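Novice: So I've got this file, data_20.csv, and it contains CSV, C-alpha atoms and all ligand atoms:
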chain,number,residue,atom,x,y,z
H,48,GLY,CA,-8.3,-8.6,20.8
H,49,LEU,CA,-7.4,-8.9,24.5
H,50,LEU,CA,-4.5,-6.5,24.1
H,51,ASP,CA,-4.6,-2.8,23.1
H,52,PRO,CA,-4.4,-2.6,19.3
H,53,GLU,CA,-0.8,-1.2,19.2
H,54,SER,CA,0.5,-4.1,21.5
H,55,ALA,CA,-1.5,-6.5,19.3
H,56,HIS,CA,0.2,-5.1,16.2
H,57,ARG,CA,3.7,-5.4,17.7
H,58,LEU,CA,3.1,-9.0,18.7
H,59,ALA,CA,1.7,-9.8,15.2
H,60,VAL,CA,4.8,-8.4,13.6
H,61,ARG,CA,7.0,-10.4,16.0
H,62,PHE,CA,5.2,-13.6,15.4
H,63,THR,CA,5.1,-13.1,11.6
H,64,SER,CA,8.9,-12.2,11.5
H,65,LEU,CA,9.7,-15.4,13.4
H,66,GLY,CA,7.6,-17.4,10.9
H,67,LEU,CA,5.6,-18.9,13.8
H,68,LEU,CA,2.3,-19.1,11.8
H,69,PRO,CA,1.7,-22.1,9.4
H,70,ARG,CA,2.9,-22.0,5.8
H,71,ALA,CA,0.0,-21.0,3.5
H,72,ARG,CA,-1.5,-24.2,2.0
H,73,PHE,CA,-3.2,-22.5,-1.0
H,74,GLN,CA,-1.0,-22.9,-4.0
H,75,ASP,CA,-1.4,-20.0,-6.5
H,76,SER,CA,-3.1,-20.9,-9.9
H,77,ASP,CA,-1.7,-19.5,-13.2
H,78,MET,CA,-5.1,-17.6,-13.3
H,79,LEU,CA,-3.8,-15.3,-10.5
H,80,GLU,CA,-0.5,-14.2,-12.2
H,81,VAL,CA,-0.2,-10.6,-13.1
H,82,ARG,CA,2.7,-9.0,-15.1
H,83,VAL,CA,2.9,-5.3,-14.3
H,84,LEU,CA,5.4,-2.6,-13.2
H,85,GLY,CA,8.1,-4.6,-14.9
H,86,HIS,CA,7.6,-7.6,-12.7
H,87,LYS,CA,5.7,-10.9,-12.3
H,88,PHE,CA,3.3,-11.2,-9.4
H,89,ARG,CA,2.4,-14.8,-8.6
H,90,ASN,CA,-0.9,-13.5,-7.2
H,91,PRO,CA,-2.4,-10.0,-7.0
H,92,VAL,CA,-3.0,-9.8,-3.2
H,93,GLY,CA,-0.4,-7.7,-1.4
H,94,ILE,CA,0.1,-6.5,2.2
H,95,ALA,CA,-0.6,-2.8,2.3
H,96,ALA,CA,1.9,-0.3,3.9
H,97,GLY,CA,1.7,0.2,7.6
H,98,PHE,CA,1.7,-3.4,8.8
H,99,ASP,CA,5.5,-3.8,8.4
H,100,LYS,CA,6.6,-0.2,8.7
H,101,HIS,CA,10.3,-1.1,9.3
H,102,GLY,CA,10.8,-4.1,7.0
H,103,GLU,CA,11.0,-6.7,9.9
H,104,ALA,CA,8.6,-9.3,8.7
H,105,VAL,CA,9.0,-9.5,4.9
H,106,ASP,CA,9.7,-13.2,4.7
H,107,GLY,CA,6.9,-14.1,7.1
H,108,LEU,CA,4.5,-12.1,5.0
H,109,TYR,CA,5.4,-14.1,1.9
H,110,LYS,CA,4.9,-17.2,3.9
H,111,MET,CA,1.4,-16.0,4.7
H,112,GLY,CA,0.7,-16.2,0.9
H,113,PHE,CA,0.9,-12.5,-0.1
H,114,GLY,CA,1.9,-12.1,-3.8
H,115,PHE,CA,3.9,-9.0,-2.9
H,116,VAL,CA,5.0,-7.1,0.2
H,117,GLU,CA,5.1,-3.4,0.7
H,118,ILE,CA,7.0,-2.1,3.7
H,119,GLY,CA,6.9,1.4,5.2
H,120,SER,CA,6.2,4.2,5.3
H,121,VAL,CA,9.9,4.9,6.1
H,122,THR,CA,11.1,8.4,6.9
H,123,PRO,CA,14.7,9.6,6.4
H,124,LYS,CA,15.6,10.0,10.1
H,125,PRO,CA,14.1,7.8,12.9
H,126,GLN,CA,11.1,9.4,14.5
H,127,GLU,CA,8.7,8.2,17.3
H,128,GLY,CA,5.4,9.3,15.7
H,129,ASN,CA,2.4,10.8,17.5
H,130,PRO,CA,1.7,10.4,21.2
H,131,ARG,CA,-0.4,7.5,22.4
H,132,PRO,CA,-3.1,6.4,22.2
H,133,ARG,CA,-2.9,6.4,18.4
H,134,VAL,CA,-4.8,3.4,17.1
H,135,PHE,CA,-8.4,2.3,17.7
H,136,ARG,CA,-10.5,-0.7,16.7
H,137,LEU,CA,-14.1,-0.2,15.5
H,138,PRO,CA,-15.3,-3.9,15.6
H,139,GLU,CA,-18.9,-3.0,14.8
H,140,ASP,CA,-17.7,-1.4,11.6
H,141,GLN,CA,-14.9,-3.8,10.8
H,142,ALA,CA,-12.8,-0.7,10.8
H,143,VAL,CA,-9.7,0.9,12.3
H,144,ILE,CA,-8.7,4.5,13.0
H,145,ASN,CA,-5.0,5.3,13.3
H,146,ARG,CA,-2.9,8.4,13.9
H,147,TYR,CA,0.5,6.8,14.1
H,148,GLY,CA,2.2,9.8,12.4
H,149,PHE,CA,5.0,7.9,10.6
H,150,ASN,CA,6.6,6.1,13.5
H,151,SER,CA,9.8,4.9,11.7
H,152,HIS,CA,13.1,3.3,12.4
H,153,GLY,CA,14.4,5.5,9.6
H,154,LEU,CA,16.2,4.9,6.3
H,155,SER,CA,19.5,3.7,7.6
H,156,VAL,CA,18.0,0.9,9.8
H,157,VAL,CA,15.7,-0.2,7.1
H,158,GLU,CA,18.5,-0.1,4.5
H,159,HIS,CA,20.6,-2.5,6.6
H,160,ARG,CA,17.7,-4.9,7.2
H,161,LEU,CA,16.9,-5.1,3.5
H,162,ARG,CA,20.6,-5.5,2.6
H,163,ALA,CA,20.8,-8.5,5.0
H,164,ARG,CA,18.4,-10.4,2.7
H,165,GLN,CA,18.9,-8.6,-0.6
H,166,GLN,CA,19.9,-11.7,-2.6
H,167,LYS,CA,17.1,-13.7,-1.1
H,168,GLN,CA,14.7,-10.9,-2.3
H,169,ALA,CA,16.3,-11.0,-5.7
H,170,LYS,CA,15.3,-14.7,-6.0
H,171,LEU,CA,11.8,-14.1,-4.5
H,172,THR,CA,11.2,-11.3,-7.1
H,173,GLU,CA,12.4,-13.6,-9.9
H,174,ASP,CA,10.0,-16.2,-8.5
H,175,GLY,CA,7.1,-13.7,-8.8
H,176,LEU,CA,7.1,-12.2,-5.2
H,177,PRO,CA,8.2,-8.5,-5.6
H,178,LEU,CA,9.0,-6.0,-2.8
H,179,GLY,CA,7.6,-2.5,-2.6
H,180,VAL,CA,9.1,0.2,-0.4
H,181,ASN,CA,6.9,3.1,0.8
H,182,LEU,CA,8.6,6.4,1.5
H,183,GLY,CA,7.4,9.1,3.9
H,184,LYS,CA,8.8,12.4,5.2
H,185,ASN,CA,10.0,13.5,8.7
H,186,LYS,CA,7.7,15.7,10.8
H,187,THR,CA,10.3,18.6,11.0
H,188,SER,CA,11.4,18.4,7.3
H,189,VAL,CA,11.6,21.8,5.6
H,190,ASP,CA,11.8,20.3,2.1
H,191,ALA,CA,9.6,17.3,1.4
H,192,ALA,CA,11.2,16.8,-2.0
H,193,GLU,CA,14.5,16.3,-0.3
H,194,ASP,CA,13.1,13.7,2.1
H,195,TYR,CA,11.6,11.7,-0.7
H,196,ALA,CA,14.8,12.1,-2.8
H,197,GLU,CA,16.8,10.6,0.1
H,198,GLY,CA,14.4,7.7,0.3
H,199,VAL,CA,14.9,7.0,-3.5
H,200,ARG,CA,18.7,7.2,-3.1
H,201,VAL,CA,18.8,4.9,0.0
H,202,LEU,CA,16.0,2.3,-0.5
H,203,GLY,CA,15.4,2.7,-4.2
H,204,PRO,CA,18.2,0.2,-5.0
H,205,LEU,CA,16.6,-2.4,-2.7
H,206,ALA,CA,13.0,-2.1,-4.1
H,207,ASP,CA,11.0,-3.5,-7.0
H,208,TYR,CA,8.8,-0.4,-6.7
H,209,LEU,CA,8.9,2.8,-4.6
H,210,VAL,CA,5.8,4.6,-3.2
H,211,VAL,CA,5.7,8.3,-2.9
H,212,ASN,CA,3.2,8.5,0.0
H,213,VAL,CA,1.7,12.0,-0.1
H,214,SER,CA,-1.6,10.9,1.4
H,215,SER,CA,-1.1,10.1,5.1
H,216,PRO,CA,-3.7,12.1,7.1
H,217,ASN,CA,-1.5,12.1,10.1
H,218,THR,CA,1.4,14.4,9.1
H,219,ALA,CA,0.5,18.1,9.0
H,220,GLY,CA,0.6,19.6,5.5
H,221,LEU,CA,1.5,16.3,3.8
H,222,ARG,CA,-1.7,15.7,1.7
H,223,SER,CA,-1.0,19.6,0.2
H,224,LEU,CA,1.7,17.7,-1.7
H,225,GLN,CA,-1.1,16.1,-3.8
H,226,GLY,CA,-1.8,19.6,-5.3
H,227,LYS,CA,-0.8,19.9,-9.0
H,228,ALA,CA,2.2,22.3,-8.7
H,229,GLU,CA,3.6,20.7,-5.5
H,230,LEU,CA,3.2,17.2,-6.9
H,231,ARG,CA,4.8,18.0,-10.3
H,232,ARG,CA,7.8,19.5,-8.5
H,233,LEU,CA,8.1,16.7,-6.1
H,234,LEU,CA,7.6,13.9,-8.6
H,235,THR,CA,10.0,15.5,-11.1
H,236,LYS,CA,12.8,15.3,-8.5
H,237,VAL,CA,11.8,11.8,-7.4
H,238,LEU,CA,11.9,10.5,-11.0
H,239,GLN,CA,15.2,12.3,-11.6
H,240,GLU,CA,16.7,10.6,-8.6
H,241,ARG,CA,15.3,7.2,-9.6
H,242,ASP,CA,16.6,7.5,-13.2
H,243,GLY,CA,20.1,8.1,-11.7
H,244,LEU,CA,20.2,4.5,-10.2
H,245,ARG,CA,21.9,1.6,-12.0
H,246,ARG,CA,19.5,-0.3,-14.2
H,247,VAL,CA,19.3,-3.5,-12.1
H,248,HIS,CA,18.6,-1.2,-9.1
H,249,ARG,CA,16.1,1.1,-10.8
H,250,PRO,CA,12.5,0.6,-9.3
H,251,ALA,CA,9.1,1.6,-10.6
H,252,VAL,CA,7.7,4.7,-8.9
H,253,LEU,CA,4.1,5.0,-7.8
H,254,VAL,CA,2.2,7.7,-6.0
H,255,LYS,CA,-0.2,6.8,-3.2
H,256,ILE,CA,-3.2,9.1,-3.0
H,257,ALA,CA,-6.0,9.8,-0.6
H,258,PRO,CA,-9.7,8.8,-0.9
H,259,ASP,CA,-10.7,12.4,0.1
H,260,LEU,CA,-9.7,14.3,-3.1
H,261,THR,CA,-11.9,16.7,-5.0
H,262,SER,CA,-12.7,16.0,-8.7
H,263,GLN,CA,-10.2,18.8,-9.5
H,264,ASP,CA,-7.5,17.1,-7.4
H,265,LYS,CA,-8.0,13.8,-9.2
H,266,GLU,CA,-7.9,15.5,-12.7
H,267,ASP,CA,-4.7,17.3,-11.7
H,268,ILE,CA,-3.1,14.1,-10.4
H,269,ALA,CA,-4.0,12.2,-13.5
H,270,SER,CA,-2.5,15.0,-15.6
H,271,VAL,CA,0.8,15.1,-13.7
H,272,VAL,CA,1.2,11.3,-13.6
H,273,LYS,CA,0.7,11.1,-17.4
H,274,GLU,CA,3.0,14.2,-18.1
H,275,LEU,CA,5.9,12.8,-16.0
H,276,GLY,CA,5.5,9.1,-16.9
H,277,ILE,CA,4.9,8.0,-13.3
H,278,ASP,CA,4.7,4.2,-13.3
H,279,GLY,CA,1.6,3.7,-11.2
H,280,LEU,CA,-0.9,4.8,-8.5
H,281,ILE,CA,-1.8,3.3,-5.2
H,282,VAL,CA,-5.5,4.0,-4.5
H,283,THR,CA,-6.2,4.7,-1.7
H,284,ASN,CA,-4.8,5.6,1.7
H,285,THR,CA,-7.1,5.9,4.7
H,286,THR,CA,-10.0,8.4,4.9
H,287,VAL,CA,-10.4,11.4,7.2
H,288,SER,CA,-14.2,11.2,6.4
H,289,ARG,CA,-16.5,9.5,8.8
H,290,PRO,CA,-19.2,7.9,6.7
H,291,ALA,CA,-22.8,8.1,8.1
H,292,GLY,CA,-23.6,4.8,9.8
H,293,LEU,CA,-20.3,4.1,11.8
H,294,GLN,CA,-21.3,2.4,15.1
H,295,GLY,CA,-17.9,2.0,16.8
H,296,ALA,CA,-17.6,3.9,20.1
H,297,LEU,CA,-14.3,5.3,18.9
H,298,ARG,CA,-15.6,6.6,15.6
H,299,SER,CA,-14.9,10.3,16.5
H,300,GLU,CA,-11.2,9.7,17.2
H,301,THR,CA,-8.8,11.7,15.0
H,302,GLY,CA,-7.0,9.8,12.2
H,303,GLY,CA,-7.3,7.8,9.1
H,304,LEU,CA,-10.2,5.3,8.9
H,305,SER,CA,-9.6,1.9,7.2
H,306,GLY,CA,-11.5,-1.3,6.6
H,307,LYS,CA,-15.0,-1.9,5.4
H,308,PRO,CA,-16.3,1.8,5.6
H,309,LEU,CA,-13.5,2.8,3.2
H,310,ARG,CA,-14.1,-0.1,0.7
H,311,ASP,CA,-16.4,1.5,-1.9
H,312,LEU,CA,-15.0,5.0,-1.5
H,313,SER,CA,-11.7,3.4,-2.5
H,314,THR,CA,-13.2,1.4,-5.4
H,315,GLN,CA,-14.8,4.5,-6.8
H,316,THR,CA,-11.5,6.4,-6.6
H,317,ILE,CA,-9.8,3.5,-8.5
H,318,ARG,CA,-12.6,3.7,-11.1
H,319,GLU,CA,-12.1,7.4,-11.6
H,320,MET,CA,-8.3,7.3,-11.7
H,321,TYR,CA,-8.4,4.5,-14.2
H,322,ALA,CA,-10.7,6.4,-16.5
H,323,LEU,CA,-8.7,9.7,-16.1
H,324,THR,CA,-5.5,7.8,-17.1
H,325,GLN,CA,-7.2,5.9,-20.0
H,326,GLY,CA,-6.3,2.6,-18.4
H,327,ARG,CA,-2.6,3.2,-19.3
H,328,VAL,CA,-1.4,3.7,-15.7
H,329,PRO,CA,-1.2,0.6,-13.4
H,330,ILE,CA,-3.3,0.9,-10.2
H,331,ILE,CA,-2.8,-0.9,-7.0
H,332,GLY,CA,-6.2,-0.9,-5.4
H,333,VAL,CA,-6.5,-0.9,-1.6
H,334,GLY,CA,-9.1,-0.1,1.0
H,335,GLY,CA,-11.6,-2.5,2.8
H,336,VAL,CA,-10.7,-5.7,0.9
H,337,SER,CA,-11.6,-8.8,2.9
H,338,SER,CA,-13.0,-11.1,0.3
H,339,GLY,CA,-12.6,-12.4,-3.3
H,340,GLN,CA,-15.6,-10.2,-4.3
H,341,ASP,CA,-13.9,-7.1,-2.7
H,342,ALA,CA,-10.7,-7.9,-4.7
H,343,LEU,CA,-12.5,-8.5,-8.0
H,344,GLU,CA,-14.6,-5.3,-7.6
H,345,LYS,CA,-11.3,-3.3,-7.4
H,346,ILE,CA,-9.8,-5.3,-10.3
H,347,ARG,CA,-12.8,-4.8,-12.5
H,348,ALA,CA,-12.8,-1.1,-11.5
H,349,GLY,CA,-9.2,-0.8,-12.9
H,350,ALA,CA,-6.8,-2.2,-10.3
H,351,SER,CA,-4.0,-4.5,-11.7
H,352,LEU,CA,-3.2,-5.6,-8.1
H,353,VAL,CA,-4.8,-5.2,-4.7
H,354,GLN,CA,-3.7,-4.9,-1.1
H,355,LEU,CA,-5.2,-5.4,2.3
H,356,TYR,CA,-4.3,-4.6,5.9
H,357,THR,CA,-7.3,-4.0,8.2
H,358,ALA,CA,-9.0,-7.3,7.3
H,359,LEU,CA,-5.9,-9.2,8.6
H,360,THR,CA,-6.5,-7.6,12.0
H,361,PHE,CA,-10.1,-9.0,12.2
H,362,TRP,CA,-9.9,-12.3,10.2
H,363,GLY,CA,-6.2,-13.1,10.9
H,364,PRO,CA,-3.8,-14.8,8.4
H,365,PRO,CA,-6.5,-17.1,6.9
H,366,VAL,CA,-8.0,-14.1,5.1
H,367,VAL,CA,-5.2,-14.2,2.5
H,368,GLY,CA,-6.0,-17.7,1.2
H,369,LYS,CA,-9.7,-16.9,1.5
H,370,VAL,CA,-9.4,-13.8,-0.8
H,371,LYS,CA,-7.3,-15.7,-3.3
H,372,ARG,CA,-9.6,-18.8,-3.4
H,373,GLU,CA,-12.7,-16.7,-3.7
H,374,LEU,CA,-11.2,-14.5,-6.4
H,375,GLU,CA,-10.2,-17.5,-8.4
H,376,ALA,CA,-13.8,-18.9,-8.1
H,377,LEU,CA,-15.4,-15.6,-9.2
H,378,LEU,CA,-13.1,-15.1,-12.2
H,379,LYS,CA,-14.1,-18.6,-13.4
H,380,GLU,CA,-17.8,-17.8,-12.7
H,381,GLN,CA,-17.7,-14.6,-14.7
H,382,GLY,CA,-15.9,-16.2,-17.6
H,383,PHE,CA,-12.5,-14.5,-17.2
H,384,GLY,CA,-9.4,-16.5,-18.2
H,385,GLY,CA,-7.5,-14.9,-15.4
H,386,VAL,CA,-6.9,-11.7,-13.3
H,387,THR,CA,-5.4,-9.9,-16.4
H,388,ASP,CA,-8.6,-10.3,-18.4
H,389,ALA,CA,-10.6,-8.7,-15.6
H,390,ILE,CA,-8.5,-5.6,-15.1
H,391,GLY,CA,-10.7,-2.6,-15.9
H,392,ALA,CA,-13.5,-4.9,-17.2
H,393,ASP,CA,-16.2,-2.6,-15.9
H,394,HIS,CA,-15.1,0.2,-18.3
H,395,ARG,CA,-15.5,-2.1,-21.3
H,396,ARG,CA,-19.1,-2.8,-20.5
Q,401,LIG,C1,-2.5,1.0,11.4
Q,401,LIG,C2,-2.3,1.5,10.0
Q,401,LIG,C3,-1.1,2.0,9.6
Q,401,LIG,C4,-0.9,2.5,8.3
Q,401,LIG,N1,0.3,3.0,7.9
Q,401,LIG,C5,0.5,3.3,6.7
Q,401,LIG,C6,1.8,3.9,6.3
Q,401,LIG,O1,2.8,4.0,7.0
Q,401,LIG,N2,1.9,4.2,4.9
Q,401,LIG,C7,0.9,4.1,4.0
Q,401,LIG,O2,1.1,4.5,2.9
Q,401,LIG,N3,-0.3,3.6,4.4
Q,401,LIG,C8,-0.5,3.3,5.6
Q,401,LIG,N4,-1.7,2.8,6.0
Q,401,LIG,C9,-2.8,2.7,5.0
Q,401,LIG,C10,-2.9,1.3,4.4
Q,401,LIG,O3,-1.7,1.0,3.7
Q,401,LIG,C11,-4.1,1.2,3.5
Q,401,LIG,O4,-3.9,2.2,2.4
Q,401,LIG,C12,-5.4,1.5,4.2
Q,401,LIG,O5,-5.4,1.0,5.5
Q,401,LIG,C13,-6.6,0.9,3.5
Q,401,LIG,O6,-6.5,-0.6,3.4
Q,401,LIG,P1,-7.3,-1.5,4.4
Q,401,LIG,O7,-8.7,-1.0,4.5
Q,401,LIG,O8,-7.2,-2.9,3.8
Q,401,LIG,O9,-6.5,-1.5,5.7
Q,401,LIG,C14,-1.9,2.3,7.3
Q,401,LIG,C15,-3.1,1.8,7.8
Q,401,LIG,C16,-3.3,1.3,9.0
Q,401,LIG,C17,-4.6,0.7,9.4
Q,402,LIG,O1,0.0,7.4,10.8
Q,402,LIG,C1,0.6,6.8,9.9
Q,402,LIG,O2,1.8,6.6,9.9
Q,402,LIG,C2,-0.2,6.6,8.7
Q,402,LIG,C3,-1.5,6.2,8.8
Q,402,LIG,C4,-2.3,6.0,7.6
Q,402,LIG,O3,-3.5,5.6,7.6
Q,402,LIG,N1,-1.6,6.2,6.4
Q,402,LIG,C5,-0.3,6.6,6.3
Q,402,LIG,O4,0.1,6.8,5.1
Q,402,LIG,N2,0.4,6.8,7.4
Q,403,CL,CL,22.4,-1.8,-3.7
Could I get this structure in the form of structure tokens?

Specialist:
Amino acid sequence: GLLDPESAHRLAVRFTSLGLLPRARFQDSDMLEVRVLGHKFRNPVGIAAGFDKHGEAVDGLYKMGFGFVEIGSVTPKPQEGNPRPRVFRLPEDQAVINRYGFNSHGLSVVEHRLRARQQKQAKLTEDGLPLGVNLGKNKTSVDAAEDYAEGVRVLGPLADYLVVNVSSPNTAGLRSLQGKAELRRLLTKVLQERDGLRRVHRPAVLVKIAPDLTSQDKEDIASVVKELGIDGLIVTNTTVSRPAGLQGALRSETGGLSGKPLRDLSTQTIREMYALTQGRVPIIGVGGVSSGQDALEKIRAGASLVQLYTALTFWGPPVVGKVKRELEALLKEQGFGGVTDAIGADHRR
């Protein structure tokens, strides 16, 4: 916290990549295993997109004890992102605001990085540690569908799941892709491209949505997802809202807000999306998770898996084991046999 947040992030990625931090001691219980999206997940706690944008620290992140890793967002061509400053800590709120704008090494660079460890990843996936790849679009793209299609073609063969990220608040016009007609067109093309890949290279496709959607938006997304047979949802990205009560000096910076102020907004979005999809569409729940309780609330709301990022920036690597240990204890306390039993449990009350 003695460096600016962006410099701190860069060093964190570097240290993680090099495997400098200690191997996680917490051994995952059978209670934490989830089978979803055609894969086994040794535990349901993943690293959210944005920490490892360019796929530089995948192995280090598994070493940290994450049950799955999502890299990205990756754009077709390299791009620098928005001018600095573009990331801000709100310590009083346990929150971050960012406006990176999809800084990305681009598909080619990431493709080569993942190819260098493709067989290692195949073994990790087999051993219950899958890899997700989150796709974005270039700033000056005229056809968003073509950007996402290129992402499917290039990184789809290297991923257990792909994420169509239409919910960054930091790319002009992007979140209009969540609209029914735009989303149907975009996802039809994405699924067509995915279906064209050889079977062993054919990933699940998820859509990552905003926490800022209207009821109509959410109904429309649920409809499209079901119509097209989309494999899952990631719920949610950062919020452009600024909840009453934020204390951080930097609360009025432009960008997506993450961390504790997003937590319950995200949980409620999960709850709504689960109900709108009749519990038949896997949800990865993300936003403000820093404890076992936070994880379980999202799971009971309908998430099959959870992710965190912002908590890691406050609590450091120990937060991963802490979430897992606390989640295990709570499942036992509440009479669940395991994570699987708790998924969507609130809806069966
Ligand atoms: C600095 C930063 C960068 C992010 N970059 C991305 C990104 O490139 N793609 C994406 O889909 N989400 C991105 N996110 C959103 C996270 O994946 C996550 O949805 C959100 O931060 C809520 O989780 P958290 O409260 O645990 O951080 C980013 C978040 C932060 C804080
Ligand atoms: O600016 C980014 O790259 C970015 C930030 C964020 O919160 N979410 C996202 O999808 N991208
Ligand atoms: Cl390949």

Novice: For ligand CL 403 (chain Q), collect every residue having any atom at a distance of at most 10 Å from a ligand atom (counting all atoms listed in the file); output as a short mmCIF file (atom, residue, chain, number, x, y, z; two decimals) with C-alpha atoms, keeping the file's coordinate frame.

Specialist:
data_model
loop_
_atom_site.label_atom_id
_atom_site.label_comp_id
_atom_site.auth_asym_id
_atom_site.auth_seq_id
_atom_site.Cartn_x
_atom_site.Cartn_y
_atom_site.Cartn_z
CA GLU H 158 18.50 -0.10 4.50
CA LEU H 161 16.90 -5.10 3.50
CA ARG H 162 20.60 -5.50 2.60
CA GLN H 165 18.90 -8.60 -0.60
CA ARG H 200 18.70 7.20 -3.10
CA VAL H 201 18.80 4.90 0.00
CA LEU H 202 16.00 2.30 -0.50
CA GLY H 203 15.40 2.70 -4.20
CA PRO H 204 18.20 0.20 -5.00
CA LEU H 205 16.60 -2.40 -2.70
CA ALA H 206 13.00 -2.10 -4.10
CA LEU H 244 20.20 4.50 -10.20
CA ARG H 245 21.90 1.60 -12.00
CA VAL H 247 19.30 -3.50 -12.10
CA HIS H 248 18.60 -1.20 -9.10
CA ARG H 249 16.10 1.10 -10.80
#

Novice: Contacts of range 268-280 of chain H at 8 Å or less, counting only C-alpha atoms, minus same-chain residues fewer than 3 places along, as a ChimeraX atom specification?

Specialist: /H:84,225-227,230-231,234-235,238,251-256,264-265,320,323-324,328-331

Novice: Taking all atoms listed in the file into account, report as an MDAnalysis selection string which residues have an atom no farther than 8 Å from an atom of ligand LIG 401 (chain Q).

Specialist: chainID H and resid 94:98 100 119:121 134 142:150 181:183 210 212 214:215 255 281:285 303:307 309:310 333:337 354:358

Novice: Quick one: everything within 9 Å of residue 371 in chain H, counting all atoms listed in the file, minus sequence neighbours fewer than 2 positions away in the same chain. Send it as a ChimeraX atom specification.

Specialist: /H:73,75,79,90-92,338-339,342,366-369,373-376

Novice: Considering all atoms listed in the file, can you say which of H:198, H:130, H:86, H:112 comes closest to residue 370 in chain H?

Specialist: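 Of the candidates, the smallest distance to residue 370 in chain H is held by H:112.
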
Novice: Measure the distance from CA of residue 220 in chain H to CA of residue 321 in chain H in Å and round it to one decimal.

Specialist: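 Here the two named atoms are 26.4 Å from each other.
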
Novice: Choose the residue, out of H:85, H:153, H:385, H:295, that has the smallest atom-to-atom separation from residue 207 in chain H; count only C-alpha atoms.

Specialist: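 Going through H:85, H:153, H:385, H:295 one by one, the smallest distance to residue 207 in chain H is for H:85.
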
Novice: Please indicate the distance in Å from CA of residue 390 in chain H to CA of residue 102 in chain H, rounded to one decimal place.

Specialist: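 Taking CA of residue 390 in chain H and CA of residue 102 in chain H, their separation equals 29.4 Å.
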
Novice: When you look at residue 167 in chain H with a cut-off of 12 Å (counting all atoms listed in the file), what residues show up, excluding the ones that are within fewer than 3 positions of it in the same chain? I need them as a tab-separated table (two decimals) with C-alpha atoms, in the frame of the given file.

Specialist:
chain	number	residue	atom	x	y	z
H	105	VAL	CA	9.00	-9.50	4.90
H	106	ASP	CA	9.70	-13.20	4.70
H	161	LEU	CA	16.90	-5.10	3.50
H	162	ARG	CA	20.60	-5.50	2.60
H	163	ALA	CA	20.80	-8.50	5.00
H	164	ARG	CA	18.40	-10.40	2.70
H	170	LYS	CA	15.30	-14.70	-6.00
H	171	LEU	CA	11.80	-14.10	-4.50
H	172	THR	CA	11.20	-11.30	-7.10
H	173	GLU	CA	12.40	-13.60	-9.90
H	174	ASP	CA	10.00	-16.20	-8.50
H	176	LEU	CA	7.10	-12.20	-5.20
H	177	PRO	CA	8.20	-8.50	-5.60
H	178	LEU	CA	9.00	-6.00	-2.80
H	205	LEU	CA	16.60	-2.40	-2.70

Novice: Write out as an NGL selection string the residues lying within 10 Å of residue 104 in chain H, counting only C-alpha atoms and excluding same-chain residues fewer than 5 positions away.

Specialist: :H and (59-66 or 98-99 or 109-110 or 116 or 118)

Novice: Kindly indicate which residue among H:241, H:372, H:124, H:298 lies nearest to residue 156 in chain H, using only C-alpha atoms for the distances.

Specialist: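 Using only C-alpha atoms, the shortest distance to residue 156 in chain H belongs to H:124.
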
Novice: For CA of residue 74 in chain H and CA of residue 317 in chain H, quote the distance in Å rounded to one decimal.

Specialist: 28.2 Å

Novice: Tell me which of H:208, H:135, H:383, H:361 sits closest to ligand LIG 402 (chain Q), counting only C-alpha atoms and all ligand atoms.

Specialist: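 So, comparing all the options, the nearest one is H:135.
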
Novice: Which is closest to ligand LIG 402 (chain Q) among H:108, H:296, H:343, H:287, if we use all atoms listed in the file?

Specialist: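 Looking only at the distances to ligand LIG 402 (chain Q), the closest residue turns out to be H:287.
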
Novice: I'd like to know which of H:237, H:257, H:58, H:209 is closest to ligand LIG 402 (chain Q), using all atoms listed in the file.

Specialist: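 Closest to ligand LIG 402 (chain Q), using all atoms listed in the file: H:257.
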
Novice: How would range 238-243 of chain H look with N, CA, C and O atoms restored, written as a tab-separated table (two decimals), in the coordinates of the input?

Specialist:
chain	number	residue	atom	x	y	z
H	238	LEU	N	11.62	11.30	-9.79
H	238	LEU	CA	11.90	10.50	-11.00
H	238	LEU	C	13.35	10.78	-11.45
H	238	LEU	O	13.99	9.85	-11.96
H	239	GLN	N	13.86	12.00	-11.27
H	239	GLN	CA	15.20	12.30	-11.60
H	239	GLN	C	16.18	11.44	-10.81
H	239	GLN	O	17.12	10.85	-11.34
H	240	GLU	N	15.89	11.36	-9.51
H	240	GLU	CA	16.70	10.60	-8.60
H	240	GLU	C	16.67	9.11	-8.96
H	240	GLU	O	17.70	8.43	-8.95
H	241	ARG	N	15.47	8.61	-9.27
H	241	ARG	CA	15.30	7.20	-9.60
H	241	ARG	C	16.04	6.87	-10.89
H	241	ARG	O	16.65	5.81	-10.98
H	242	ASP	N	16.00	7.78	-11.87
H	242	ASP	CA	16.60	7.50	-13.20
H	242	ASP	C	18.13	7.45	-13.05
H	242	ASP	O	18.79	6.86	-13.91
H	243	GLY	N	18.66	8.04	-11.98
H	243	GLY	CA	20.10	8.10	-11.70
H	243	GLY	C	20.62	6.73	-11.17
H	243	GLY	O	21.83	6.54	-11.08
